[PDB]
Amino acid sequence: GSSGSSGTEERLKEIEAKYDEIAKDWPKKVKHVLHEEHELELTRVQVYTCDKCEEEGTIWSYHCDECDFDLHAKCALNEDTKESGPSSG
Ligand SMILES: [Zn+2]
Ligand SMILES: [Zn+2]
């Protein structure tokens with residue numbers, strides 16, 4: 001025979017794969033400066049508020065299961081990219 005069925009939420013299988021491709025190089029644990037104490041853990045988040053650059057990330061946010069610190073994928077990756085950079089002298 002042949003019959004049809006309906007669909008439900010919380011079943012994002014393909015979608016997830018997409019994001020992963022974006023964070024293929026992105027590390028699982030980052031060592032931020034403001035939270036140097038511990039290394040955040042890239043946690044999947046729909047929306048949040050970065051406590052570094054004062055922005056809002058999506059489908060990506062460095063969360064810590066110890067202090068609950070959220071950050072941006074890029075913000076965490078980089079160290080000092082606000083005004084100055086790596087220079088010797
Ligand atoms: Zn940020
Ligand atoms: Zn922490």
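Looking at the entry header, you'll see solution NMR listed as the method.

Q: Before we go on, may I ask you to explain the coordination of the zinc ion (ligand 1) in this structure?
A: Geometry reference: four tetrahedral donors at a metal, ideal angle 109.5 degrees. Six octahedral donors, ideal angles 90 or 180 degrees. In this structure, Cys 50 (SG), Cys 53 (SG), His 72 (ND1) and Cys 75 (SG) serve as the protein donors to the zinc ion (ligand 1), at separations of 2.3 to 2.4 Å. Between consecutive donors of the zinc ion (ligand 1), the numbers of intervening residues give the motif C-x2-C-x18-H-x2-C. On the criterion of sequence distance, the pair formed by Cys 53 in the loop between β2 (40-43) and β3 (61-63) and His 72 in the loop between β3 and α2 (73-77) is long-range, its members being 19 residues apart.

Q: Hey, could you run me through unusual backbone geometry in this one?
A: Trans peptide bonds make up most of the peptide bonds, and negative phi angles are found at most residues other than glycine. Phi is positive for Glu 54, which is not a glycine, with a value near 65 degrees. Note on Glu 54: relative accessible area 71%, which makes it exposed.

Q: Help me out: how do you make sense of the sheet that holds β3 in this one?
A: Neighbouring strands of a sheet are bound in pairs by backbone hydrogen bonds; such pairs are parallel or else antiparallel. Strand order across the open sheet formed by three strands is β1-β2-β3, with antiparallel pairing between neighbours. Two strands bound the open sheet, and with one partner strand each, they are β1 (29-30) and β3. Pairing of β1 with β2 involves two bridges; the strand directions are antiparallel. Bridged to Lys 29 within β2 is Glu 41.

Q: Any chance you could explain the coordination of the zinc ion (ligand 2) here in plain terms?
A: Those donors, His 35 (NE2), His 38 (ND1), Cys 64 (SG) and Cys 67 (SG), are the protein atoms that reach the zinc ion (ligand 2), and they lie 2.3 to 2.4 Å from it. For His 35, a relative accessible area of 9% corresponds to the buried category.

Cut-offs applied
- Each residue takes a number counted from 1 along its chain in the order the sequence is written, a numbering that need not match the entry; residues with no coordinates do not appear.
- In the order they appear in the text, chains get letters beginning with A and ligands get numbers beginning with 1.
- As a convention, hydrogens and water are excluded, and side-chain values are obtained from all of the structure's heavy atoms.
- For Na, K and Ca the donor cut-off is 3.2 Å, and for all other metals it is 2.8 Å, counting N, O and S atoms only; because water is absent from this set, sites may look incomplete.
- Secondary structure elements follow DSSP: runs of H or I no shorter than four residues count as helices, runs of E no shorter than two count as strands, and numbering proceeds from the N terminus.
- Relative accessible area decides the class of each residue, using a 1.4 Å probe on protein chains only: under 20% of the type maximum gives buried, over 50% gives exposed, and in between gives partly exposed.
- In this analysis, strands are considered paired if DSSP registers two or more bridges between them.

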